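Just below is one structure, and these are the notes that go with it.
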Amino acid sequence: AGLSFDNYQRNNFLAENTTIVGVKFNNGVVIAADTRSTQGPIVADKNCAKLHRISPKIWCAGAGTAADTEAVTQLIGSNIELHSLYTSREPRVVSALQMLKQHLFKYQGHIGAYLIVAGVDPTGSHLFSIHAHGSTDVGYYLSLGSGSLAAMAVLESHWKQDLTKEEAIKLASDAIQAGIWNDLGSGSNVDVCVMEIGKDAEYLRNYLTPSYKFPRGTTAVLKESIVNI
Amino acid sequence: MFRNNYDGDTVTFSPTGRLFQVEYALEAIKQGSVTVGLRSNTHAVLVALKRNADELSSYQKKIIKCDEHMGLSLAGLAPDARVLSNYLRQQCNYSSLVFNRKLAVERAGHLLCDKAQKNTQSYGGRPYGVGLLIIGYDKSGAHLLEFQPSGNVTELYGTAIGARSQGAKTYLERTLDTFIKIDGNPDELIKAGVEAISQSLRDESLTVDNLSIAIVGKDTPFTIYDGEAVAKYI
Amino acid sequence: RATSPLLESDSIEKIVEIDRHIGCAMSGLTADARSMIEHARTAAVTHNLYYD
Amino acid sequence: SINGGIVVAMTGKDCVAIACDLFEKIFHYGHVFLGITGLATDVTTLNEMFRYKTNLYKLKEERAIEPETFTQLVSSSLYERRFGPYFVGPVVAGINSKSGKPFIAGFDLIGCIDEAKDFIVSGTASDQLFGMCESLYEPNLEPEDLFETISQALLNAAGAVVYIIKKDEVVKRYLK
Amino acid sequence: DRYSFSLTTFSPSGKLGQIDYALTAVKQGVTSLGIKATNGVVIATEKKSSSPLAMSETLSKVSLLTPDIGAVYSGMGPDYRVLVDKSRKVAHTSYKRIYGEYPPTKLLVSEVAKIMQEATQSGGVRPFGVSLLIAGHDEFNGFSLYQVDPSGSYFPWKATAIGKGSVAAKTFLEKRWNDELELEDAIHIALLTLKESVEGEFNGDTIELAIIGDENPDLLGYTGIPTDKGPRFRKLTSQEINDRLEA
Amino acid sequence: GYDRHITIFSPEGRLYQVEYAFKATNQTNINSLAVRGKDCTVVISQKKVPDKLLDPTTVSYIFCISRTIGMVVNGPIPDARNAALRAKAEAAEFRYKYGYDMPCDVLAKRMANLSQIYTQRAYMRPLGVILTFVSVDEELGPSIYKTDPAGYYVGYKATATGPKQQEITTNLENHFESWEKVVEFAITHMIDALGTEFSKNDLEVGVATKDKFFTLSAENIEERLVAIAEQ
Amino acid sequence: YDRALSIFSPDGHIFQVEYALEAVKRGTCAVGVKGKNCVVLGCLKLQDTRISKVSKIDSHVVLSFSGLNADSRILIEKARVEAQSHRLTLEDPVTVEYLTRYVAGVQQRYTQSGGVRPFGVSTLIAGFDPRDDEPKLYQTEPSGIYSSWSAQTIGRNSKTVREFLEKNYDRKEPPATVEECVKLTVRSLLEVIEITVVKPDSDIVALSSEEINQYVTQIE
Amino acid sequence: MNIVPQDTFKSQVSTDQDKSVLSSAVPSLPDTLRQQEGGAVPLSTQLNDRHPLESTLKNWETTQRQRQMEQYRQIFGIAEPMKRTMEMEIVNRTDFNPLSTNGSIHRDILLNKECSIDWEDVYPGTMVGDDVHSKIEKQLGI
Amino acid sequence: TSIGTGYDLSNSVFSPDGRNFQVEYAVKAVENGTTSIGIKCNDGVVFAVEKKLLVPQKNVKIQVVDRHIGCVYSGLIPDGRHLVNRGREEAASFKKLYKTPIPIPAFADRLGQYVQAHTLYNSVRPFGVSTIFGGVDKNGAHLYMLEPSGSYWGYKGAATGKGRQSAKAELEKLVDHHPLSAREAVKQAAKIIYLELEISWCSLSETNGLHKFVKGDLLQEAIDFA
Amino acid sequence: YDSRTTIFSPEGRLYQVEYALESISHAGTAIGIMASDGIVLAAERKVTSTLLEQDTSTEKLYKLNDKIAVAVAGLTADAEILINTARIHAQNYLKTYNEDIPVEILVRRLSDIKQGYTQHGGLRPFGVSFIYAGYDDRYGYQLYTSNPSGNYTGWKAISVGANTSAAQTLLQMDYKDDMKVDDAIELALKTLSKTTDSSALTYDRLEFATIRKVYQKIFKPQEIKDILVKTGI
Amino acid sequence: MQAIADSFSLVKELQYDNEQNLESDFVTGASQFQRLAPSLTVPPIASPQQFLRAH
C-alpha cells in the first residue's frame with residue numbers, strides 16, 4: 001500500500017545506461033503568485049494557476065516538485081474537509097499546518113513540497129511557510145520560489161503594519177511584478193487571493209496581466225481510414 | 001450436582017467462589033506417586049518411589065537436575081512435568097549465560113510460581129496439575145521448595161507429595177527436630193529420608209529399581225543415586 | 001488388517017524405517033502416524049547432519 | 001529502437017488533434033485519446049492499466065469516461081508510482097460528451113498536469129516542436145486547417161499518424 | 001480463537017435471522033421519508049428528543065455526505081453516525097482522491113451498501129440496525145433517491161418512508177406523488193406527510209428537512225472560480241421550516 | 001438465547017445487553033446536576049458517604065479530563081475511571097494531531113463512537129457508564145454533552161442523572177454574573193428537588209470557566225452553602 | 001461428542017470424520033480397475049453436454065472423485081498446482097504415490113482445525129509413474145487416509161459394486177488386456193456409462209462411449 | 001520511544017524464512033510457482049539496494065503505534081497499553097473477510113482514523129494461490 | 001437473588017439488573033480468606049492479619065510491594081501473588097521513570113486499572129482477591145482497599161476475609177474513639193486481630209517513612225496488650 | 001448441527017448450505033435460454049411498487065464483461081459483491097492475456113469463491129445463485145448457473161428462483177435447440193407469464209436482456225413493453 | 001491478555017528478547033541444531049553485499 005517503490009531498482013539500472021507571496025494585513029491575508037510554468041528553460045504553460053485551495057478559507061501555493069505539492073495539498077485538503085465534517089466546525093489553519101507538517105515529516109523530505117499556507121479561521125488570519133522536511137515558521141509576510149528574494153525585497157521595502165485590504169493587494173501584486181521582472185522563472189499574469197476574517201475569500205485570477213497558417217492540402221496525406229469508438 | 005455447571009473452565013467462579021477447575025488440578029497431584037524431600041542445614045536430599053507400567057517396562061525417571069547446584073522432583077501429569085522442568089532448566093541456563101551466576105533456588109521457585117499462575121486465569125489453557133519439589137544449595141545454604149500447580153511455593157524443611165504423601169508428611173512432622181541438625185553426615189540424612197518414605201508404602205517395598213535418591217550440599221554437587229547405587233541406603 | 005481382498009497388502013506399511021538402526025510400527029489413526037513418522041525422520045536426519 | 005519518439009496534441013474549434021511519429025503510441029478509451037511517449041515497456045504497461053481502469057469505470061458507471069475525469073485518473077495513476085515512476089510522457093486529448101468542450105492535457109513522469117489550452121508536446125525533440133507549434137499555431141483553427149497545422153508541425157519536428165476528433169466522429173490519417 | 005463463528009446465519013426457512021431483526025429494529029425507528037421532485041429531492045424526519053433540555057440543534061439526523069449527496073436514517077443513531085463517517089471517508093478515498101470529483105449518488109450508495117453488507121458476513125459484529133435514505137444529484141444520473149436496508153440491499157425510489165409511519169407514509173406518498181412536482185410542491189407534500197406521521201408537537205424545531213437542489217454559491221464560501229459549483233445539499237433552518245408551516 | 005449474553009439483536013430488534021448496561025448506571029444511588037451560566041458551566045453531584053470508615057476525600061465521581069473539559073460519571077467507579085483515562089488520552093491525542101484544544105462535543109463524539117464499537121462487537125461488553133462532559137468551548141461557549149452506554153450523545157441546556165433524574169429535570173423545566181452565583185443556584189435547585197439539606201461533604205462541585213475546569217474544595221462548598229443559608 | 005473435529009468419542013471415534021465419510025457415501029459412484037497394462041476408471045434433458053468426472057492432474061496421472069463436487073474441484077486444482085510445482089522444483093514428473101500423498105495431506109490439513117470443514121470428498125487416483133509401467137490405483141478419504149487398491153468403488157452404490165468386484169476380480173489372474181479391464185469395469189457399473197483408459201507413457205483415452213462392450217455384456 | 005523506525009533490517013536470512021510458501025517436495029526451498037513472483041528470479045539475495053525511505057515508510061505507522069503504547073505505559077501504566085492492544089487484537093482477529101480489501105470500520109475508530117486519509121487509503125494496491133482457500137489457510141493456519 | 005442463574009456462567013455479562021455476577025462471585029471468594037485488617041494512623045498506617053514444616057522466617061503474609069508502600073491481600077493466593085507482582089513492577093517502573101516513590105494514589109490507580117481490565121473480556125476472569133495497601137506518601141499516608149471489581153477508595157480502616165464484619169465493627173468503634181500514634185494503632189490492630197499474629201507499619205516518625213515489620217519486642221508488647 | 005456451516009450432520013449433509021439453497025426458493029424467478037444465434041436472459045422483478053424507479057432499477061441483470069452477463073437471484077448485496085469480484089477477475093484476465101476471459105473460467109472462479117464461504121466457519125454461504133450468459137471463441141454461446149453450494153452446471157435453458165420446477169418443465173416441453181433468438185425471447189416470455197405469481201406479466205415486473213451477434217443489450221422498459229406486446233402478453 | 005500484558009511488563013539491550021537470537025545463542029534449547037535449512041547471519045545494514053565483499 002501507499003506510494004509504490006516497485007521500479008526503483010529498474011529505474012536506477014536504466015539511469016546507469018515561480019514567485020509566491022503571502023501578505024498579512026489588518027483583517028486578513030493576501031496570497032499571490034505568478035502564472036508562468038516551465039520545463040527546463042522552456043515555458044511549459046503560461047497562465048498556470050499556482051494558488052491551491054485547502055479549504056474555503058485556507059489557501060495554498062507551493063514550490064519544488066509540482067506534482068508533490070499538488071498531491072500533498074489535495075491530501076491535506078481532503079483530511080481538512082473530513083475533519084471539518086467530523087467536528088462540524090470551520091477548519092483551523094493551525095490544524096492544516098499541523099497535519100501538513102506531520103505528513104511531510106513522515107516522508108523525511110523525500111516528498112519535495114515547499115509551501116506557503118494562508119487562511120482565516122475562527123481565531124483570525126494566519127500565514128505559514130512549510131518546508132519539504134516538515135519545518136514551519138509563522139510570518140506577517142512571506143515569499144517563495146526562485147523570485148522569493150526579489151519579492152521579499154519588495155515586501156521589506158514597502159510592507160507596514162496595518163495595511164488595508166487594497167494596500168495589501170497592491171503590495172502583493174507589486175512584489176509579484178518584481179519577481180516577474182527580476183526572476184526568469186516567474187512571468188505572465190499575477191494571481192491573487194484575498195481572505196478577510198469576516199468575509200468570503202476573494203479569489204482574483206489574473207489580477208494583473210503585464211499569420212503563418214498553411215493553405216489546405218499542403219500536407220502529403222498517405223491514406224485515410226475511419227476509426228469509430 | 002451444581003458443581004457440574006461451574007466447573008467447565010478456569011474462568012468461571014461458582015456462586016461460592018470455589019474456582020473448581022483449579023481444585024481439580026490440585027487433586028491431580030493425589031494421582032501421583034509419593035516422593036519425599038528433606039534437608040539439613042548443609043545438605044538437601046530427595047527420595048522418590050518410582051513406578052513402572054508393567055513388569056516388562058522400566059521405571060519412569062521421577063527426579064531431574066536443573067544444574068550442578070539445584071534439582072527437581074516430579075509428581076502428577078507427565079506432560080506438565082516435562083514443560084515445567086524444561087522451563088526451570090532454560091531459566092537456569094539463561095541465568096548462567098547472561099550473568100554467570102547460579103540462579104538462586106528461591107528465585108527459580110518464584111519463576112515457576114509466576115509461570116504457573118498464568119494458566120489459572122486465561123480461558124484457553126489449563127492449570128499444570130503437577131506438584132514439584134525443588135532442592136538446591138547456594139550462598140544461602142540448602143533449600144527445599146514445594147511447588148503446587150495452583151501457583152503456590154513454600155520453602156520447607158521437609159514434605160511429601162503424591163497419593164499417600166500424608167503418611168510421610170506426618171512422620172516428618174514428628175521428626176523434623178532430628179533431621180535438621182544432621183550437618184556434615186549426609187548418609188544419615190539419606191537414611192532418614194528413606195525411613196520417611198518407608199511410611200506411605202502400600203503392598204510394596206523399597207528396591208534398587210523402584211527407589212531413587214539424590215543429594216546436594218556444600219561439598220556435594222547434585223548427584224542422583226539409582227539402581228545398584230541405592231542398595232547402600234535400602 | 002485389510003478392509004477387503006482388493007486392498008493391496010503390499011502397500012499397508014504398518015512398519016517404517018525412521019533411521020538405519022531405528023524402526024517404528026504404527027497403530028491407530030494412520031494420518032497422525034504419518035505426521036509423527038515424518039517428524040521423527042526429520043529429527044533423525046537433522047541430528048545426523050548436526051552431530052555427525 | 002521503438003522506445004521514445006514524439007507525441008503532440010492540438011486544439012481547434014469544436015475539435016482536437018493528436019499526432020505522433022509512431023508498435024503504437026496513441027491509445028483511446030472511448031472518446032478520450034491518450035498518447036504516451038517513453039519506454040515502450042512502460043507505454044504498454046500504462047495502456048494495459050488504463051484499459052483495466054476505464055473498463056471498470058464503464059462497468060460501474062454505465063457511462064464512458066469523460067476526458068477531464070480520465071485526465072485526473074491518469075494523474076493519480078502516475079503519482080501512485082511516485083518512487084520509481086514510469087519513464088513516460090503521456091498526453092490526453094478529447095471532447096466532453098456533455099459540453100462539447102475540446103480538451104487536451106499532458107503530464108510529467110509523476111502526473112503534474114499542464115492542461116494548456118493551445119497545444120501540448122512531449123518526448124524527444126520537445127523544444128523543436130515547441131518552437132514549431134508556437135510559430136504555426138493560431139487559435140480557433142478549422143478542423144482541416146487544424147489538420148494541416150498539426151501535420152506540418154509534426155513533419156517539421158525532425159512516417160506519422162493523425163487523429164482528427166469531432167464530437168461525433170474521429171478521422172484517422174497517416175503522414176510520410 | 002483464530003476463527004469466530006458467523007453471528008448471522010440462515011434459518012431453516014432460508015431467512016437470515018439477524019437481517020430480519022435488524023429490519024425489525026428499523027421498523028421500530030421514528031419515521032423518516034424522502035421525495036424526488038423534478039427539480040430536487042426532499043428528505044425529512046422527526047427530531048424526537050428524550051427531554052426538552054436536550055439541544056435539538058445537536059440532533060443532526062440529516063447529514064451531508066457530499067455537496068450533492070445527503071443521508072437520513074431510522075433506527076440506531078450510533079450505527080448511522082459511524083456509517084456516515086465511513087461513507088464520507090470512502091467518498092473521499094475511493095473516488096474524490098482518484099477522479100478528482102465527488103462520486104455519483106449511485107456509487108456512494110453502492111459503497112455504503114457494501115459496508116453494511118459485510119457486517120452481515122462477519123462473525124465478530126452484528127449487522128447495522130439502520131436503513132438509510134440517500135438523496136443526491138449527479139451531472140449525468142440527475143437527482144436520485146435510494147433506500148439502503150440493514151441487509152445492504154438498495155433500490156432507487158421516487159418516494160419512500162421508513163420507521164413507524166413507513167406504511168401509512170408510503171400510502172400517502174403513493175396517492176399524492178406525481179411526476180410533475182416542483183421542489184416547493186415536494187416540500188409541501190413532505191411536510192404534510194410528516195405532520196400526518198409525527199407524534200405530539202409538530203413544529204419547526206421537532207422537524208428537520210434538507211433538499212438537494214440548485215447550487216448555492218452563498219454556501220460555497222469563496223468567489224472567483226466561475227465554473228466552481230456551490231453545494232446542492234441544503235438543510236433548511238428551523239426559521240424557514242416554521243415559515244413553511246405557516247402555509 | 002445468545003442475545004442475552006452478547007450484543008446481538010433479539011427478535012424484538014432490541015439489544016438487551018445494552019439496555020441492561022443502562023440499568024448498571026443506576027446501581028450507585030448518586031444523582032447529579034449540570035447547568036450553564038452565561039460564561040460558566042457547573043456540575044453538581046451527590047457524594048453519599050455514610051460509611052464512617054470510608055474516607056470522603058477520595059470519593060469523587062467528577063474527573064478533570066483536560067485543561068478546559070471536565071466530566072462527571074454515573075455508574076460504577078471502575079468503569080468510570082476507565083472511561084476517564086480513555087477520554088483523557090483521546091483529548092491529548094486530539095491536541096497533538098490537530099494543534100488546538102479538543103472541543104467538548106468532539107470528545108463526546110469520540111467516546112460515543114467507542115461506545116458504538118462496544119455495542120456492535122460481539123466480544124466487547126458495553127462499558128456501563130453514562131458520561132456527562134462539561135466545558136466552555138472557545139466557539140460554542142459553555143456547553144454540556146452527555147453520552148450513553150448505547151453510544152448516543154446529545155447536547156443539553158442542563159442535565160440530571162441517576163435514579164431521581166426525572167425530579168431534577170422537571171424542576172429545571174419549571175425554572176426554564178459569576179460562577180459562584182451559578183453554583184449556588186444549582187445547589188439550591190438540587191436541595192429543592194431532592195429534599196436533603198446537604199452537609200458540606202454531602203456534595204461535590206465542578207466548575208468550568210472560560211480559562212480552566214476545576215473542582216471545588218470542601219471549604220469552597222462550605223462557603224457556597226453558607227451563602228445559600230444567608231437566603 | 002459429534003459436533004467438533006477436536007472431540008474424541010468415549011469409544012475413540014471422531015464422529016465428525018465419519019460424517020464426512022457418510023457425505024462421501026452420497027456422492028455419485030466412481031469405479032476403478034487396474035489391469036496389468038492399464039487402469040480403467042468409470043462412473044436433465046436440457047443439460048449442455050459439451051460444457052466427464054475423471055480429471056487429469058498431469059499427463060501421466062489422473063484423479064477421479066466422489067462426494068461434493070465443489071470440494072473435489074478445489075482439491076483437483078490444488079493437486080494440479082502441486083504437480084506443476086514438483087515438475088518445476090524437481091525435473092522429474094510426480095510419482096503417483098507422491099501425488100496421492102499430497103492430496104491426502106491436503107484433506108488431512110483441512111481436518112486439523114475446528115474452524116474449517118474437511119473436504120467431503122473421496123478421490124480415486126490412477127496413473128503410472130514416469131518411466132514406469134506398474135499401474136497404480138489409490139483411494140483417499142476425508143480423514144486423509146490413503147490406500148492402494150487393485151479395484152475400488154466409492155459413493156452411492158459402492159457397497160454392491162465392491163461386493164461384485166470382490167468376486168469377479170482375481171488377485172492372481174487380473175485382467176491382462178485393455179478390453180478385459182473395460183469389460184470388467186462396465187460389468188461392475190452395469191450392476192448399478194463413462195470409461196477412461198490410462199496407459200503407460202502418458203497415454204490416456206476417454207473411450208468414445210463405445211456401447212459395443214455394453215451390448216456384449218448384455219448378451220452375456 | 002521512537003519517532004523514526006529504527007529496527008528496519010532483517011538480521012538473519014534463510015531459504016526457509018518465508019513460511020506458507022515452501023516447496024512440498026523439498027521443505028527447505030521456496031515454491032517459485034506458488035510465489036508467482038516471476039520465478040525464483042526474485043531470489044532473496046536480490047533484497048539489496050532498497051530505497052532508503054521504503055524500510056521506514058512501510059513500518060512508520062507501526063513505530064508511531066509502539067511509541068504511543070510506550071507513552072501510555074510510562075504515564076498510565078501497564079493496564080492502558082494492555083487494554084488498547086487487547087481491543088485491537090479482538091478487532092483484527094474477528095474481522096475475517098477474504099473478498100474485501102477495505103479496512104474494518106471499527107479498526108479505523110480505534111486507530112482514530114475516522115477523519116484521516118493517507119496514501120495507503122487512496123492507493124490501497126494471478127494463476128496460483130490467490131484463491132479464497134489460500135486466505136482461509138493463512139488465517140486458520142491450516 | 002444471589003445466584004443469578006443464566007447470567008453467571010460467563011464473565012462480562014450484565015444481568016438484567018445490571019449486575020456482573022462473576023464479579024459478585026469473585027467478591028464471595030474474598031469472603032473466604034484469612035481475616036485481615038489495616039489501620040490508618042495520624043502519621044502512617046499499620047496492617048495486621050489473622051493467619052509446622054514451613055521455614056518460619058519465610059512464612060510471611062504481608063507483602064512489601066515497595067519500601068514506600070505495604071500490601072496485604074486476601075482471597076486466591078495465586079491471584080494475590082500475581083497482583084502483588086504486577087504492582088511491584090508498576091512501582092519499579094514509576095520509580096525508574098520519575099525518580100520518586102510512586103504516589104500511593106497513582107499506584108492505587110494503576111492497580112485498579114489492572115484489575116478492572118480483567119472485567120472487560122470473556123477470555124479472562126476477575127481476580128479473586130481483595131487487597132488492602134497503603135503507605136506514607138509525599139502528601140501524608142494513604143490506606144486503600146482494592147476490591148476484585150477494581151473499585152477502590154481511601155479508608156481510615158478496612159477489613160477483609162471471614163472475620164471482616166466484626167473487624168470492621170471494632171475498627172469503626174476505634175475510629176469513633178479517635179475522631180492515633182503508631183504505638184497505639186499497633187496495639188489496637190493486635191487487639192482487633194485477637195478479637196499467630198503478624199504486624200507491619202509505615203510512619204514518618206517511627207519507621208522514617210519506610211515500611212517495616214513490627215517484630216520482636218513491640219510484637220510481644222502488642223500481644224501482651226491483646 | 002445446523003448452527004454453523006462447518007458442521008456435518010450425522011446424515012453427512014450440510015444443513016446450512018441446504019438452507020442457503022432454500023433461500024433462493026423465495027427470490028423471483030430468473031430464466032435463461034440459449035439459441036442457435038444468441039442467448040436470452042429474463043427475470044421477474046418480484047420486489048415492485050409504483051414508487052420504485054423501474055426505469056433505473058437494473059437489479060437482477062448485470063453485465064460482468066463484454067460478451068458476458070449474469071442474472072441474479074437471491075440476496076442483492078451478496079450478488080453485487082460477487083459481481084464486482086467477477087468484474088475485477090475478468091479485467092485482470094484481460095490485462096494478463098490480452099484476451100477476453102473464457103466464460104467457464106469466470107464461472108469457475110465465482111463458484112470457487114462461493115464454495116470457500118461454505119468451508120470457513122466465520123463465513124456464511126452467499127444466499128445467491130447466478131445464471132451466466134456469455135460468448136467466447138472456444139465454446140461460443142454458453143449458459144451456466146451456480147448455487148450457494150458453489151457447484152455449477154452448463155445449460156441450454158435454465159430457470160432459478162421460486163417456481164424453477166414449473167419453469168423448467170415448461171422449458172423441457174417447449175424448448176427445441178434449433179430455435180432462433182427471436183423465438184427464444186417469446187419462449188422466455190411465455191414461460192415467465194405462465195410461471196409468475198402476478199395476475200399479469202406487466203412490463204415493469206420484468207427485466208430482460210439478450211446476448212447475440214458480439215453485442216449485448218439490456219432492454220430499457222420501452223422496448224421491453226414493445227417486445228411484450230409483440231409477443232402478445 | 002496476560003501475554004499482551006507481559007509484552008509491556010535488561011534483556012532488550014543484549015537482545016535476548018529476540019527468539020531467533022535466543023536460539024542462535026542456544027538459550028532456548030538446542031533448536032539451532034534442530035532445523036533443516038540452517039539459518040545464516042546477515043549484517044543488519046543497507047548494503048550487506050558490500051560488507052561481505054569487504055570481508
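Chain labels run A, B, ... following the order of the C-alpha cells; each chain numbers its residues from 1, and ligands are numbered from 1 in the order shown.
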
Quick one: which residues from chain J are at most 9 Å off chain G, using only C-alpha atoms, as a ChimeraX atom specification?
/J:1,5-14,104,111-112,115-116,118-122,139,142-143,149-158,168,171-172,175

Write out as a list in words the residues lying within 12 Å of region 23-25 of chain C, counting only C-alpha atoms and excluding same-chain residues fewer than 2 positions away.
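So the residues in contact are residues 12, 13, 14, 15, 16, 17, 18, 19, 20, 21, 27, 28, 30, 33, 34, 36, 37, 38, 40, 41 and 44 of chain C.
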
Identify, with DSSP run on backbone atoms, the residues in region 3-39 of chain C assigned to strand (DSSP E), and express the list as a count of residues only.
9

Applying 9 Å and only C-alpha atoms, which residues near residue 158 (chain B) remain after dropping the ones on its own chain fewer than 6 positions away? List them as a VMD selection string.
(chain B and resid 36 to 39 144 to 146 169 172 to 173 176) or (chain I and resid 53 to 54)

List the spatial neighbours of residue 223 (chain E) as a ChimeraX atom specification - criterion: any atom at most 7 Å away, only C-alpha atoms, same-chain residues fewer than 6 positions off excluded.
/A:200-203

Report, in Å with one decimal, the straight-line distance from CA of residue 40 (chain F) to CA of residue 130 (chain F).
22.0 Å

DSSP on the backbone: what in chain C comes out helix (DSSP H, G or I), as a PyMOL selection string?
chain C and resi 9-11+30-51
